[PDB]
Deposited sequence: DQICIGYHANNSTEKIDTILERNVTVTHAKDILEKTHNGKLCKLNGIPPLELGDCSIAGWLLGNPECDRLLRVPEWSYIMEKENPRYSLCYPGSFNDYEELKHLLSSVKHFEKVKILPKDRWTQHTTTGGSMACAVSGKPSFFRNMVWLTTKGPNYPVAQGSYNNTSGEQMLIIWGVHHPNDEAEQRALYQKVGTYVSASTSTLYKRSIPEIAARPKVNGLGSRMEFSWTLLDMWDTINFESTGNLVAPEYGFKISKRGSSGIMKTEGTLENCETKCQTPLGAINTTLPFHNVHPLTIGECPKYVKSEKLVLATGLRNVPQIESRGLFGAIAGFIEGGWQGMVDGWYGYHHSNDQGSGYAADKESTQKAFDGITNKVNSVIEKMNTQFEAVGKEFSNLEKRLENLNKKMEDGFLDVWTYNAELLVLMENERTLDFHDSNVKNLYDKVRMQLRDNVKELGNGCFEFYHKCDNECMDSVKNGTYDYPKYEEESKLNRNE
């Protein structure tokens, strides 16, 4: 009769990494990194994005004639824009604090267009100006949200306007100033020189003067238009005054819905899907903690690390080979992790130990949960745009994002390596503990063989083996008989 102690081996070829060894085959493993996407830009939480197309943010807000599908847009979740949009300010010029406007848009989910200053109130001026830069079907045209005020007859009276914010929320207002090419066109348009444009609120004052100078021709014109914007608060008033060179607003953008949004720079097209996380390359449909697809991401998403493989060992080391546990593992054990093999006059067979296997199972489950359920609250790494005169700020942003990402990559990798090593040591210690427990309970009644086996000095029936398996072995009951067999 004999009883021997061993562990479980199977046909798995999964491999994990430790701090002392590389490419170690294990019975079970868990991958906590996601490396695949569907390659599609699709809807997030039911609300589709805002597909700008060839438009730009300024082109959409100002009302570019070639951008007219966005004159009334519903609620969105994120704004899809191209790297170098082709429909933009058609009239050459600039747009002050453009990146601040984009940052503000990164937290707005719906706009409502309110006619604050109608086009028919300017009864002392001409409001039908246009340029061949923003041409519609050949004939000249202009932006569809702005009014170009021009002299009516040989007179340009002082243009005055005002609006009180009785809409319910904060409003966004954009106006412009025209810089001509020569004095002749300034006289032919506004009839007066030394003009000014004044915009005023309770917290804002601004006065601008046109500047006339020959400039390199962009889009065929040497003139420019400079645009500015403001955020009018509730129950506040905005005042416009101008003696010339004013591009007045006709509409204002009320912030209806607010939340966490963003601007995604892609060249793709929206496709009918649904997801909870979105990256420029594609969407992510997972429950795993980590991913390595793309740093930029909108929505609740797994964290990002620059790694190729992050695999946690949850099973024993696969060393296929009766002897026991020192020689190698067993392929016949299909019930648990650690167990016994018994051979007596009534037969032979394998069996598993419930207590130790369960203790190790909960231990490994707790370890996996602790790694996953604490490695959350990582960084965000969301988009942000900077101008050509803010290079130091852009470098600071890049360095900060890169440093945090590197730190988290290091943390995850070292954690996984150390826990894999400790798990393997844990399993070895558990097998040794079972062997030592059985040896201590059996004492001198048996003989060790050196392979993890025990050979009895008496007869162990099936109930005797059940007793030794469940730790109720009666040493005196078989002592005296053994005292014969050993001595003979």
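In sequence order, the deposited residues that have no C-alpha coordinates form a single range, 322 to 330.
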